[PDB]
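# Structure at a glance
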Amino acid sequence: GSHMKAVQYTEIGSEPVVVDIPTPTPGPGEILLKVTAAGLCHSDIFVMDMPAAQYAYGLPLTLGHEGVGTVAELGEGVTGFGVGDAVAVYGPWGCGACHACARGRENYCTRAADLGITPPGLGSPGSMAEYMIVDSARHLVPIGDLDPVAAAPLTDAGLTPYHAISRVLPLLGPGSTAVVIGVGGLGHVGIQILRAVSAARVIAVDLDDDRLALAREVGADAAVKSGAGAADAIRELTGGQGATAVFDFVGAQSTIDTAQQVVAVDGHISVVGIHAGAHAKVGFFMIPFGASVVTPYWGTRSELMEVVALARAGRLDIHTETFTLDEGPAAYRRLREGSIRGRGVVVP
Amino acid sequence: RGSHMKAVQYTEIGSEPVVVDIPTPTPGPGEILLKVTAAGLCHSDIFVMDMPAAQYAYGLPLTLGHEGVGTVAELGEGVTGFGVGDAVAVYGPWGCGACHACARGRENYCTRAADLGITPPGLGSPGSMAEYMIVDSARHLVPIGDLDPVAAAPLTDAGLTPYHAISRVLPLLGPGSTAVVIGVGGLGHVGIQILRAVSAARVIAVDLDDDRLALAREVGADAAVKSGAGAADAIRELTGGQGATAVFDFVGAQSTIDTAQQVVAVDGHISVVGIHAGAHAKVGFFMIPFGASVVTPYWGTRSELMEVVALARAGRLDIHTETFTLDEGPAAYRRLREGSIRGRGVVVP
Amino acid sequence: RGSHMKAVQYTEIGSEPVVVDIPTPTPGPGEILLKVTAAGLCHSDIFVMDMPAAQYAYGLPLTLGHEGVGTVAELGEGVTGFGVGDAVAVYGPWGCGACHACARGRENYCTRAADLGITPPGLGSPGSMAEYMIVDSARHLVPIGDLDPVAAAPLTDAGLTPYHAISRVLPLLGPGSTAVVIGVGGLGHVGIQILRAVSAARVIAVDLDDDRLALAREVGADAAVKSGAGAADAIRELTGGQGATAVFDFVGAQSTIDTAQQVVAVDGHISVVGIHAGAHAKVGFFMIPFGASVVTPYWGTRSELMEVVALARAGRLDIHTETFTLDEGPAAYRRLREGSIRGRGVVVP
Amino acid sequence: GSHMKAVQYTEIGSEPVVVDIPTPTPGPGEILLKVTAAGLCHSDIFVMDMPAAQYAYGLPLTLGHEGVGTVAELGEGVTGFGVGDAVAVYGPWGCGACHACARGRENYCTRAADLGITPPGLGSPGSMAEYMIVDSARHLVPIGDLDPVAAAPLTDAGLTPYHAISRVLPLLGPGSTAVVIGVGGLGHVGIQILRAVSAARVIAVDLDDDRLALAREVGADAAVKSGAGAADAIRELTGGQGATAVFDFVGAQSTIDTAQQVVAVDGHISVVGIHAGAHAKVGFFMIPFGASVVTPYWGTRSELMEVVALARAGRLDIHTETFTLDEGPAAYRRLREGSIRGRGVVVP
Ligand SMILES: CC(C)(C)[Si](C)(C)OCCC[n+]1cccc(C(N)=O)c1
Ligand SMILES: CC(C)(C)[Si](C)(C)OCCC[n+]1cccc(C(N)=O)c1
Ligand SMILES: CC(C)(C)[Si](C)(C)OCCC[n+]1cccc(C(N)=O)c1
Ligand SMILES: CC(C)(C)[Si](C)(C)OCCC[n+]1cccc(C(N)=O)c1
Ligand code: NA
Ligand code: NA
Ligand SMILES: [Zn+2]
Ligand SMILES: [Zn+2]
Ligand SMILES: [Zn+2]
Ligand SMILES: [Zn+2]
Ligand SMILES: [Zn+2]
Ligand SMILES: [Zn+2]
Ligand SMILES: [Zn+2]
Ligand SMILES: [Zn+2]
């Protein structure tokens, strides 16, 4: 087909729409995928909530930064993959040539911004379409016979918490404690990751009673209600020592404040969730000595392969609700209203 | 038949239509009285009732309904051609019948109707939204046979108007041509079906709403893109940069007209069918491609209305309908104003 | 045909239904897969979805739609009696098929369904509001021939339920008898048409709206009176104090039941068809005439559904319908909640 | 067992023989029964005395339309019974989808003939074999711990008179009179049914004093010898008012004439027995006003359940003579010469 359906953001402040666009063809080094699953998440809502005042360029944009597909056509010179191979799309594309990229950490590429290299669905054409172009073979990760619908959330919902945890994994030995604030999406996956790759005690923190109960099912050793009393309740559980690491998947100022009140000396706070303007306050006597704080970004290539390995070993379970490509906009409406249980996945 | 009838009338400016109790008309010589079987309502009725009172000169009261269908009730003196009970659709844009335009069949472009005060039913003359109505002459009736009156009523406007616009330039729409339809509401929805039935042109739809884009594909649009600033680029993306032989703008907003001028092909056509007061195409050198003609078409001809009925009876035209009673008349208009009707509302006595 | 299909499901207690993408079912041995052509909605769907969470056991997720019509898409192993393409309506109140009541055709009164967990489609089993549905057995399909599926769907409930209630005492409704119909909404006005088609009983209608009384007269009611404290006297005025042979209360409120007991004749009948939680007739000496039986009937039998279909195909039954798409499902149920639908809403995949 | 013994009618004009045939296997929706009792009735002889032109049940034919057994194997998708359940077979199979079938009256199915649906032992394989197939679960009726030998006659010898009586049961109130002509196979059960489901007086009519004596034991209030004097005798026993209902299980022209001579105004005559060419003459002044006549056929499924309920309550006592499967053909010779006391039953 000379044209294909794509879920696109086409004007500021509007809803995504299913529109017909030319079917792309892979240039030298590129790979054309037939999309099999395209995950959606609140990051898409955040991008689509950006005001017009800040807008400079990017429209129209094919959505979808959580992409899985089968190789449909290989660009000239591409080897290492064959037509039909099931692959997940590595999201945070880098230049491949800087020191950070050479070390595998393309998500921290120091040249991507200058070169205008943007992730699919966030500046480059995304995966919510019948077909999609991938710029380079090194951004394809094989998934074998893993269900594409289960693999799609792993590209973001699994990779991002896995990276945040991986940054300080050597600290999470037996006797350590990891606090997870927000146990619904990324945090639910984070708890499973923590139980698979460490022996740390896991304390779940959330506003909803039901989410906390589900957090215990996937390995959380204790549960705490988010809010003003959370810090004291957490210290009650850890004794007077505090938490080795706090992974804040909410990112609100109140949750960041709680993290600073419970993190242990020489600990770590990871601000994964995004709330505009919210920030940790790292200064003497405002945070324990040696407690580092960071805003991590997505994850590395090898980390995505490790997430796929966890999923294929049965250590990662992410509940998904499926939609057709025609229902792309409907799925985003459901996402806004909070009626999606699990992670939405578009299946073209 | 009784001596009084229910009717829905615009009775005073700025007010909503109301059900009333008026006498049953009687057919004079050459006239025909019909038992209305379906009376379609349309946003054009809304446009008329939105007329500011400062513009008002005369007209009220006015039985609404310019999309009329019914069965012959009583033949006026000397009226041959139809027998009582014959199912007929009412041709809307009444003309004088004697000028050059009328003699060619194009009564919608009659050059004397304005001077003579000849007005269409429901838009100056007693409309179809009543138990009976008067049709001035036999030539303003089109037989429909066993066609469902509810299916026929919307096609007197939602079918005839796009059909005429398309017919004006149909010879240009051969195989290999591309026709763009902006606005996939009632008019554009049927316009796409017409294009597929009477031509081999590729149809590309444009609309604001995702569900209307999906509707366009269902009824034969090969492709559909969202209206707005990027609409012209998205169309030329699908055509390989060539541009459309014809653009039928059933919205008529200035932004949609702008899009049409940016995608129409050299020696093409733009048809401004939808009305937005003040919106206009700007036909000038280097502001529109060479040879691309622009027009604002008006309703359609009688022979075209017959062709629309033949298309409908062959199963080539479909429009979603919502049936109401006369007492629900005003309620249907409020539903129309709030934009909750998909397709066309139709009042069934 | 597609490995996945669209459906409208009730997924959370207190939450509106949503469109979902779920696997296309495959018919097992003895089952039949239908391509749905129409799926009706009615107030009973709201009653179910309004149930509090405290009383929730295991029903979710539930594909809604207990008024199903479609065409046979695939026959399960060993199924005979229908061919691919046959138009059929779905019999709602599924039973075990093996008890005495089932062997008599009265599956709606099966004495084993509750113990065995046999639930109707859309009320425990996957309903008809989807592109495809499974029917457990060929004995729950009723051929409809060329009957319009949109007209057939509401009659699986709105026709069958009054038809059964009337059929329970049809021998009493001979010439000279009087049948009172309370509530001329969906079920009641179909009930009026049934009474006129299958009996010579004089029909008196009772309703609140003045508009409903006129409609009752149009569809066959010989007389109509206003519901309220004066309805009992008004009815007895028309019957001369003899009382009404049968009273079919399609409202089911306590006040309407009280009026029923006040007008029902000696040796007559009251049928409490409408549901109002807690409302009940009081059957005791000198609180109701001697010999006047009272019952709360439930849906109808399979042979009765066959007879309802035969009445519809003979043009004796008519219910106003309003069609929606599967994507419009949730919006249609909202329309029903606010009481904006006249007649019955029908979802057409 | 790959094969099984069966009593089959293999050629026109010959006696049934015990032959070996493949053991059937149940298809989807079917049930395989291990037969525990198979009854013989004169209808089998009538079928076997048909000339070549009239016979339309195909050859070979496994005989036996009075079948009872235990569920041996369930066809695909058959729920409702378990292996080992004792069940009686409903004989007059119908389409299950016509108006008559939907009302439970499968015996009066209007499409069975056009569709080739025939009863077991009368077009379909019968019960006089080690195993038999039943087309559908709805044609099985549980019997509990009822003795299969006593249960087999209930499927025809009980069901058929029960249906004939049920057609006009509302007429047989206290003060009514029911005349039973032929108190052998079916009339013996008819007398017991009448006493169980009605208060009508029962007058027995038969040729043999032996048969009349038994009729009086099972509830017949009076006995009359069949012949030209029966009509006068019956009216003498009822003054001159007549019999509300006459159930003629002989079906001969002479007995039908006796029925028409004794039936009451607005009464009923049921011609249950079959004698080719015999017929009632329903015309003005040839029969009392309002006296309806009918030839009933077998019975409905709900009536079979009611017959089973009567037997399990001790209300039906069927006189049986048991035979082995190898004795099958011999039993039919016994039935031919009228040397069987009551009902013959083969027990495989
Ligand atoms: C939140 C960002 C500003 C980085 Si955004 C809208 C460009 O995320 C898209 C990349 C997916 N994802 C989702 C949530 C969190 C993160 C993370 N903490 O890296 C990444
Ligand atoms: C208010 C309108 C300007 C649309 Si009026 C009063 C000309 O519509 C009545 C005739 C029906 N119809 C509807 C839409 C468009 C046209 C057309 N392009 O002719 C005609
Ligand atoms: C079992 C349910 C709780 C869903 Si009920 C009783 C609201 O109806 C479902 C069956 C449809 N219908 C609608 C109205 C009345 C009746 C009736 N009188 O049988 C039946
Ligand atoms: C009905 C048939 C003509 C095929 Si006959 C009599 C050979 O047997 C089949 C059913 C067996 N049975 C025996 C006795 C009486 C009756 C009855 N009155 O129905 C039925
Ligand atoms: Na536009
Ligand atoms: Na009342
Ligand atoms: Zn994401
Ligand atoms: Zn780099
Ligand atoms: Zn119009
Ligand atoms: Zn003119
Ligand atoms: Zn219903
Ligand atoms: Zn049952
Ligand atoms: Zn027999
Ligand atoms: Zn049948």
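Method of determination, as annotated in the archive: X-ray crystallography, at 2.20 Å resolution.

## Structural notes on the site of ligand 2
All names here are of chain B. Every residue close to ligand 2 is listed here: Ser44, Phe47, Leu123, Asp157, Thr161, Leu187, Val273, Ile275, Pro297, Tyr298 and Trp299. Contacts to ligand 2 include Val273, whose backbone N or O atom sits 2.9 Å from a nitrogen atom. Elements with a contribution of two residues or more to the shell around ligand 2: α1 (43-49) and α4 (149-167). Looking at the shell around ligand 2 residue by residue, the classes come out as eight nonpolar, two polar and one charged.

## Section: the coordination of the zinc ion (ligand 8)
All names here are of chain A. Coordination of the zinc ion (ligand 8) by the protein comes from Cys95 (SG), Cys98 (SG), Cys101 (SG) and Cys109 (SG), over a distance range of 2.3 to 2.4 Å. Every donor counted, the four donor atoms about the zinc ion (ligand 8) form angles of 101 to 120° at the centre, which fits tetrahedral coordination. Each donor residue of the zinc ion (ligand 8) lies on one chain, and together they are spaced C-x2-C-x2-C-x7-C.

## As for the pattern of salt bridges
For the structure shown, the criterion picks out 39 salt bridges over all chains. Among the ionic pairs, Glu107 of chain B bridges to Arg139 of chain B, the shortest N-O distance being 2.5 Å. With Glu107 of chain B in the loop between α2 (100-103) and α3 (113-116) and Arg139 of chain B in the loop between β7 (132-135) and β8 (141-143), this residue pair connects regions lying 32 residues apart in the sequence. By relative accessible area, which is 4% here, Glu107 of chain B ends up buried. Note on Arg139 of chain B: relative accessible area 24%, which makes it partly exposed. Across the salt bridge formed by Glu321 of chain D and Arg334 of chain D, the nearest N and O atoms sit 2.7 Å from each other. Here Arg334 of chain D lies in helix α11 (residues 328-336) and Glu321 of chain D lies in strand β15 (residues 320-324), a separation of 13 residues in the sequence. Since its relative accessible area comes to 22%, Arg334 of chain D is described here as partly exposed.

## Some points on the interface of chain C and chain D
The partner chain D presents 15 residues to the 15 residues of chain C that form the contact. Roughly 1,300 Å² of surface becomes buried between chain C and chain D when both sides are summed, with 56% attributable to carbon and sulfur atoms. Counting every contact that joins chain C to chain D gives zero salt bridges. The interface formed by chain C and chain D includes four residue pairs in polar contact. Sorting the residues of the side of chain C that touches chain D by element identifies α2 (100-103) and α10 (302-313) of chain C as the ones contributing at least two each. Examining the composition of the side of chain C that touches chain D, we find that four residues originate from one element, α10 of chain C, more than from any other. Tallied by class, the residues present in the side of chain C that touches chain D amount to five nonpolar, six polar and four charged.

## Observations concerning the interface of chain B and chain A
Many structure descriptions define interface size as the accessible area lost when the parts assemble. Taken residue by residue, the interface counts 13 residues in chain B and 13 residues in chain A. Of all residues in chain B, the largest losses of buried area upon contact with chain A belong to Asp210, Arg217 and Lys226 of chain B, amounting jointly to 50% of the total for that side. Counting every contact that joins chain B to chain A gives one salt bridge. On the surface where chain B and chain A come into contact, there are five residue pairs in polar contact. Of all the secondary-structure elements, those providing two or more residues to the side of chain B that touches chain A are α6 (210-218), β11 (223-226) and α7 (231-238) of chain B. It is β11 of chain B that contributes the most residues to the side of chain B that touches chain A, four residues altogether.

## Some remarks on the pairing of strand β9 (residues 178-182) of chain B
Residue and element names in this part refer to chain B. Along β9, five of the five residues are buried, which leaves the element largely enclosed by surrounding structure. With burial as the criterion, each face of β9 is covered, one bearing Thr178, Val180 and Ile182 and the other bearing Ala179 and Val181. Relative to strand β10 (residues 202-207), β9 runs parallel, the two sharing five bridges. Paired with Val180 across the bridge in β10 is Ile204. Since β9 and β10 lie parallel, the crossover through helix α5 (residues 186-198) that links them has a hand, and here it is right-handed. Direction of pairing for β9 relative to strand β12 (residues 244-249): parallel, over a ladder of four bridges. Note on β12: the bridge partner recorded for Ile182 is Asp249.

## Quick notes on the side chain of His189 of chain B
By the secondary structure assignment, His189 of chain B is in helix α5. Those residues in contact with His189 of chain B that sit more than four places away from it in its chain are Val184, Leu215, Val219, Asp318 and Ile319 of chain B.

## A look at the site of ligand 1
Residue and element names in this part refer to chain A. Taken together, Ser43, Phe46, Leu122, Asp156, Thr160, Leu186, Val272, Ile274, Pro296, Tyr297 and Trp298 make up all the residues around ligand 1. Between a nitrogen atom of ligand 1 and a main-chain N or O atom of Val272, the distance comes to 3.0 Å. In the model, an oxygen atom of ligand 1 is placed 2.9 Å from a nitrogen or oxygen of the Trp298 main chain. Here the shell around ligand 1 is built from residues that sort into eight nonpolar, two polar and one charged.

## A look at the pairing of strand β16 (residues 343-347) of chain A
All names here are of chain A. In terms of burial, β16 is a largely internal element, four of the five residues being buried. In this structure, strand β3 (residues 31-39) lies alongside β16, joined through two bridges in antiparallel fashion. If you follow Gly39 over to β16, its bridge partner there is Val345. Handedness of the crossover joining strand β15 (residues 320-324) and β16 through helix α11 (residues 328-336): right-handed.

## Description of the coordination of the zinc ion (ligand 14)
For a metal with four donors in a tetrahedral arrangement, the ideal angle between donors is 109.5 degrees, while six donors in an octahedron ideally sit at 90 or 180 degrees. All names here are of chain D. At 2.3 to 2.4 Å from the zinc ion (ligand 14) lie its protein donor atoms, namely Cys95 (SG), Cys98 (SG), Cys101 (SG) and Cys109 (SG). Mapping the donors of the zinc ion (ligand 14) onto the primary sequence gives the spacing C-x2-C-x2-C-x7-C. Highlighted residues: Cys95 in the loop between β6 (86-89) and α2 (99-102) and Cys109 in the loop between α2 and α3 (112-115), separated in sequence by 14 residues. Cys95 gets classed as buried once you look at its relative accessible area, which sits at 16%.

## Here's the deal with the arrangement of the chains
Looking across the four pairs of chains in contact, one finds the most contacts between chains C and D. No part of chain A reaches chain D; the closest C-alpha pair between them is 31 Å apart. There is no contact between chain B and chain D; across them, the least C-alpha separation is 33 Å.

## Examining the sheet that holds strand β1 (residues 4-10) of chain C
Residues and elements named next belong to chain C. The three strands are arranged β2-β1-β4 in an open sheet whose pairing can be described as antiparallel. Either end of the sheet is taken by a strand with one partner, and the two such strands are β2 (18-23) and β4 (62-63). As judged from the two bridges shared by β1 and β4, these two strands associate in the antiparallel manner. Pairing of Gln9 across the sheet is with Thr63, part of β4.

## Observations concerning the nonpolar core
Counting residues in hydrophobic clusters, the biggest one holds 79 residues, and the most contacted among them are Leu33 and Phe247 of chain D. Apart from residues no more than four positions distant in its own chain, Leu33 of chain D is found in contact with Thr70, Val71, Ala72, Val87, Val89, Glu130, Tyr131, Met132, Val134 and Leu140 of chain D. In this structure, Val150, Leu155, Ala205 and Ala221 of chain B belong to the second largest nonpolar core, which totals 53 residues.

## A short note on α6 of chain B
Within α6 of chain B the residues assigned to the buried category are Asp210, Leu213, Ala216 and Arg217 of chain B. The buried residues of α6 of chain B occupy an angular sector of 115° when projected down its axis, which confines them to one face. Against β1 (3-9), β2 (17-22) and α11 of chain A together with α5, β10 and β11 of chain B lie the buried residues of α6 of chain B. A distance of 3.0 Å separates the backbone nitrogen of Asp211 of chain B from a side-chain oxygen at the start of α6 of chain B, and that oxygen is part of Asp209 of chain B.

## Observations concerning the sheet that holds strand β12 (residues 243-248) of chain D
Residue and element names in this part refer to chain D. Read across the sheet, six strands follow the order β11-β10-β9-β12-β13-β14 without closing on themselves; strand pairing throughout is parallel. The open sheet has two edge strands, β11 (222-225) and β14 (292-294), and neither has a second partner. With direction set aside, neighbouring strand axes in the sheet form an average angle of 15°. Across four bridges, the pairing between strand β9 (residues 177-181) and β12 is parallel. Note that in β12 the partner of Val179 across the bridge is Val246. In the packing of helix α7 (residues 209-217) onto the sheet, contacts are made with β10 (201-206) and β11, and the angle to β11 comes to roughly 165°.

What counts as what
- The numbering shown runs from 1 along each chain in the order of its written sequence and may not match that of the entry; residues for which no coordinates exist are omitted.
- For this description, chains carry letters from A and ligands carry numbers from 1, given in the order in which they are written.
- Any value mentioned applies to the visible chains, which represent part of a larger assembly rather than the whole.
- Each side-chain value is worked out from all heavy atoms of the structure, with water and hydrogens disregarded.
- A cutoff of 4 Å decides nearness: a residue is near a molecule or strand if any of its heavy atoms lies inside that distance of it.
- Polar contact is defined as a pair of N or O atoms within 3.5 Å, subject to the rule that within protein one atom must be able to donate a hydrogen and the other to accept it, and that residues adjacent in sequence are counted only when both atoms are side-chain atoms.
- Each helix is a run of DSSP H or I of at least 4 residues and each strand a run of E of at least 2, with the numbering of both proceeding from the N terminus.
- Under the scheme applied, nonpolar residues are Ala, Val, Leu, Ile, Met, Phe, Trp, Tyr, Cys and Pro; charged residues are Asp, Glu, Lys and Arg; polar residues are all the others, including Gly.
- In this analysis a donor is any N, O or S atom within 2.8 Å of a metal ion (3.2 Å for sodium, potassium and calcium), and since water is not included, sites may seem incomplete.
- For four-coordinate sites, all angles between 85 and 135 degrees define a tetrahedron; for four- and six-coordinate sites, opposite donors beyond 155 degrees with the remaining angles between 65 and 115 define square planar and octahedral shapes respectively, and all other cases count as irregular.
- Salt bridges are counted wherever a side-chain nitrogen of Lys or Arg sits within 4 Å of a carboxyl oxygen of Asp or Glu.
- Three exposure classes are used, based on accessible area relative to the maximum for each residue type with a 1.4 Å probe and protein chains only: buried under 20%, partly exposed in between, and exposed over 50%.
- Contacts are assigned to residue pairs with any non-hydrogen atoms lying within 4.5 Å of each other.
- The term buried area means the drop in 1.4 Å probe accessible area that two parts suffer when joined, counted for both and summed.
- In this analysis, strands are considered paired if DSSP registers two or more bridges between them.
- With the strands pointing away from the viewer, any crossover whose connection runs clockwise from the first strand over the helix to the second is right-handed.
- Buried residues of nine kinds, namely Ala, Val, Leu, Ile, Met, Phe, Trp, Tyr and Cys, make up a nonpolar core once their side-chain atoms join them within 4.5 Å.
- The arc in question is the one traced by the directions running from the helix axis out to the C-beta atoms.
- Here an axis means a line fitted to C-alpha atoms, over the contact stretch when the element is a helix, while the angle between two N-to-C directions is reported on a 0 to 180 degree scale.

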